[PDB]
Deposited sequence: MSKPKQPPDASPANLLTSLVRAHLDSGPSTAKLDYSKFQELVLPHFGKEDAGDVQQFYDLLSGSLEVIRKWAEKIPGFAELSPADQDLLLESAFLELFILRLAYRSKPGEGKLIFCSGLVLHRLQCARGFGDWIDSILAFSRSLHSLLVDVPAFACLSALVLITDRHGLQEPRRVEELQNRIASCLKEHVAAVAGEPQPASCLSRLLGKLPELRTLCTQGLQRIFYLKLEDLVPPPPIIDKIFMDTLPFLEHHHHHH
């Protein structure tokens, strides 16, 4: 409620690194000298490292594991990119151009530019926007989940998904009160995140075109399954 809020916060905090487990051993703000294979492999590796994490996170959202297994998979697949972006934007420090990934790895914007292309700048723009509204951890823990638990084409039980969504929206609304002016400002971030998911699909397309390094099968599936055509 309640305990829902608590369960949500706990799932969120368990899915990321501790401030103590941040890894700076590879961080370099200075880069010497377009995409090569090393950049493309790291792009896919960073994407890949979120998917087991985001899957273990979702399993801990109360109600999620009692959606049908096919609806679990569809929701995870459809939201992966958005969740990767949102959690990265929240985690990172755009004032310093610092990306912090869910493994604890810290990289500088220009260590990532080659692999990600312009998308990483747009992610950084979203991150500074997200930071300006100072979303506290409980609110974020709800928002995150609402990105996952939302209508998608092909759901077997769209109403049960809608029920769990309303439960989470309800939980969020209250928390914001306990602390929809600044709520609808919050929810205003979700459409922008969609637009960022698109830029991500555009980047994967370009790299599949380029074909230096192939995408790993499960990223490829997400790409193929999320093309609505």
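Novice: Please give the gaps, as residue ranges numbered from 1 in the deposited sequence, where no C-alpha is present.
Specialist: Missing from the model are residues 1-11, 45-47, 194-199, 250-257.
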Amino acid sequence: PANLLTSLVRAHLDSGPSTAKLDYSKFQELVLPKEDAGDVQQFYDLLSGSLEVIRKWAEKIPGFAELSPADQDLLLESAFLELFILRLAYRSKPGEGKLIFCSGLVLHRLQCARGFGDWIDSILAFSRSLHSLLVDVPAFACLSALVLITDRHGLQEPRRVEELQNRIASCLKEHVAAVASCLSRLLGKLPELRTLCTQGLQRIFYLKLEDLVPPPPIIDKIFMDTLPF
From here on, numbers count along this sequence of modelled residues.
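Rigid core (definition): largest C-alpha set, two forms, superposition within 1.5 Å.
Novice: After fitting on the rigid core, pick out whichever of 188-196 or 61-69 shows the bigger RMS C-alpha deviation in 6 other deposited structures of this protein.
Specialist: Of the two stretches, the larger average C-alpha offset in 6 other deposited structures of this protein falls on 188-196.
Novice: Thinking of the other compared PDB entries, is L30 one of those residues unmodelled in at least a third of them?
Specialist: Modelled in all the others, so no.
Novice: Does the comparison with other PDB entries of this protein show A180 lacking coordinates in a third or more of them, where both adjacent residues are built?
Specialist: Missing in at least a third of the others, so yes.
Novice: Output the stretch having the higher mean C-alpha B factor in the entry; the candidates are 77-85 and 108-116.
Specialist: So the stretch with the higher mean C-alpha B-factor is 108-116.
Novice: Of the two stretches 202-210 and 13-21, which shows the higher Cα B-factor on average in the entry?
Specialist: Comparing averages over the C-alpha atoms only gives 13-21.
Novice: Between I123, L148, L134, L99, which one tops the list for Cα B-factor in this entry?
Specialist: Going by the entry's C-alpha B-factors, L134 comes out highest.
Novice: Which listed residue, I54, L67, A178, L47, has the largest C-alpha temperature factor in the record?
Specialist: Among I54, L67, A178, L47, the PDB entry lists the largest C-alpha B-factor for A178.
Novice: How does the C-alpha B factor of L190 compare with the rest of the chain: lowest, middle or highest third?
Specialist: Its C-alpha B-factor, which the entry lists for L190, ranks in the middle third among residues of this chain.
Novice: Taking the C-alpha B-factors as the PDB entry records them, is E162 in the lowest, middle or highest third of its chain?
Specialist: For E162, whose C-alpha B-factor we compare with every modelled residue in the chain, the answer is the lowest third.
Novice: Split into thirds by Cα B-factor across the chain's modelled residues, where does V40 land: lowest, middle or highest?
Specialist: For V40, the deposited C-alpha B-factor lands in the middle third.
Novice: Pull the Cα B-factor of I168 out of the PDB entry and bin it into the chain's lowest, middle or highest third.
Specialist: Middle third of the chain for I168's C-alpha B-factor.
Novice: Please place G63 in the lowest, middle or highest third of its chain according to the CA B-factor in the PDB entry.
Specialist: CA B-factor rank for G63: lowest third.
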